[PDB]
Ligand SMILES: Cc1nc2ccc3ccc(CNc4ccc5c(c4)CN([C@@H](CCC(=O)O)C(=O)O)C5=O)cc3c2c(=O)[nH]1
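A single chain, nothing else alongside it, follows as structure tokens in the form solved without the named molecule.
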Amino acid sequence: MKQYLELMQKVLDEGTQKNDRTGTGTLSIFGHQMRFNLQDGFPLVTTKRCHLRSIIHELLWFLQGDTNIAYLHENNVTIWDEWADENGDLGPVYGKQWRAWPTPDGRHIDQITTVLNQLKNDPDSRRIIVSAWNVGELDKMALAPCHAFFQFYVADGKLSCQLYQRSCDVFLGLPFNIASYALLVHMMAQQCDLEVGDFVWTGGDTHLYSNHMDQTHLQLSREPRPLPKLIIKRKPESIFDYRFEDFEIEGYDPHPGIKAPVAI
């Protein structure tokens, strides 16, 4: 899609050479913002075919407060294997912070139920936020949260959401992360009887890996295709009741998928 393709070209055009953790060099820009009107269609990159099944499974896993790989495995979703230990444990990552933020005095905060309450009881609030950046549990996580902070906003019966992404692999990570949060806004909106608004993406260190140049140039050649339409075939009793089958993406005609390897 247009905004995505503009970002890629920008990193090429003005990114500085910056190496990552003992490895691959990257082209980096810092601070960037994109806006997707979810009313214009589901923001799934069309200039390269992307598979939604791992995204859906991972989101539903975040919502259950699950921090172990078991559920993803039952569904043959393997995107977190890289980080899990021999027990399939990832540490207090996303799921754990969203559903059970540990307090100094022994409580566990359900940030997403809190948010749902605010969206229904105080829609004009400027504090409808969920954070996965728990400073006290950072050392125990398999990896610090990439998408660390997100805020919801209601205006004219429309639910918007802004995500702060501290680090971003534009080619491999971003397409996957935009869809994941877009999908979450739709679920949130359906649950609160609100129309979908905007999904604003805000990133910090936004980069392209040096060994992805051929692929980015290949993708930059393609012309974006019309955005698909996301359809929820059911209306669960709560946000923790969604099933993989509930979602259907209609009208998705993408260019062929592109593969990008990684150093180790």
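Superpose the two forms; the largest set of C-alphas matching within 1.5 Å is the rigid core. Just count from 1 along the sequence shown to find any residue number. Shifts are known only where both forms have a C-alpha.
Omitted from view is the form deposited with the named molecule bound, to which the following refers.
Q. Tell me, which of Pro102, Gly157, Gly88, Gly173 has a heavy atom within 4.5 angstroms of the named molecule in the deposited bound form?
A. Checking each option against the named molecule in the deposited bound form, the one that comes within 4.5 Å is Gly173.
Q | Interface membership of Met141, the named molecule in the deposited bound form, 4.5 Å heavy atom rule | A | No - in the deposited bound form, heavy atoms of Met141 and the named molecule never come within 4.5 Å of each other.
Q. So in the deposited bound form, does any heavy atom of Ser54 sit within 4.5 Å of the named molecule?
A. Answer yes; at least one heavy atom of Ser54 falls within 4.5 Å of the named molecule in the deposited bound form.
**Q.** 4.5 angstroms heavy atom contact with the named molecule in the deposited bound form for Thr78
**A.** Close contact exists here: in the deposited bound form, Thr78 approaches the named molecule to within 4.5 Å, heavy atoms only.
Q: Indicate whether the named molecule has at least one heavy atom within 4.5 Å of a heavy atom of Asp198 in the deposited bound form.
A: No - in the deposited bound form, heavy atoms of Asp198 and the named molecule never come within 4.5 Å of each other.
Q) Looking in the deposited bound form, is the named molecule within 4.5 Å of a heavy atom from each of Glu6, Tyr164 and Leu220? A) Heavy-atom distance to the named molecule in the deposited bound form: none of the three under 4.5 Å.
Q: Give, in sequence order, every residue of 205 to 226 that has a heavy atom within 4.5 Å of the named molecule in the deposited bound form, or say none if there are no such residues.
A: Contacting residue: only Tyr209.
Q: Kindly list the runs, ordered along the sequence, of 3+ consecutive residues whose C-alpha shifts are all 2 Å or more between this form and the one not shown once the two forms are aligned on their core.
A: Three-plus residue runs displaced between this form and the one not shown: 73 to 77, 262 to 264.
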